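Listed next as structure tokens is one chain, alone, in the form deposited in one PDB entry.
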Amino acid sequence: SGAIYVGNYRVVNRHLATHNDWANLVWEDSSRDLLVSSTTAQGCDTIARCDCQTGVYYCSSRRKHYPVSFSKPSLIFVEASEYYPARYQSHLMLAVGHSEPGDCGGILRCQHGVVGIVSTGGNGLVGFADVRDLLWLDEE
């Protein structure tokens, strides 16, 4: 579990969005596994605006942050998980690391701020849904 709290936005994995998220919906994309809802209180996170390929992510199933190198966001085939079938996911970055279903929502961060959230796992990789292209998160 986990979210990004930027401005008056909450960014969550679409597959973990709540009824309140859907009732306060800003934007969602199944192909990216992302959903954004509106919040009453402003949040503490800053979104990275960069093309870094190195950062640190939080792994809840290890209670640990790990430094990783990761691929640039792309359209990638993802094998079946507990929460999605085997399918293509867009805007997905991969690193070598540990990721189980409940790790979804852990933050990946670089020197510029939040890069994305854990979205995929298995076979010794962790996949992250990028948010650096969502420039509208920084205003309004």
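All residue numbers refer to positions in the sequence shown, first residue = 1. In this text, the rigid core denotes the largest set of C-alpha atoms whose superposition between the two forms falls within 1.5 Å.
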{"property": "Higher-B stretch (mean Cα B-factor, as the entry records it), 37-45 or 97-105", "result": "37-45"}
{"property": "Residue stretch of maximal mean CA temperature factor, 75-83 vs 50-58", "result": "75-83"}
{"property": "Third of chain Cα B-factors occupied by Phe70", "result": "lowest"}
{"property": "Chain-relative CA temperature factor third for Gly122", "result": "highest"}
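Omitted from view is the form solved in complex with a small molecule, to which the following refers.
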{"item": "The small molecule contact at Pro101 in the deposited bound form, heavy atom, 4.5 Å", "value": "yes"}
{"item": "Sole residue of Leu75, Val96, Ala41, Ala86 shifting 2 angstroms or more in CA between this form and the one not shown, core aligned", "value": "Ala86"}
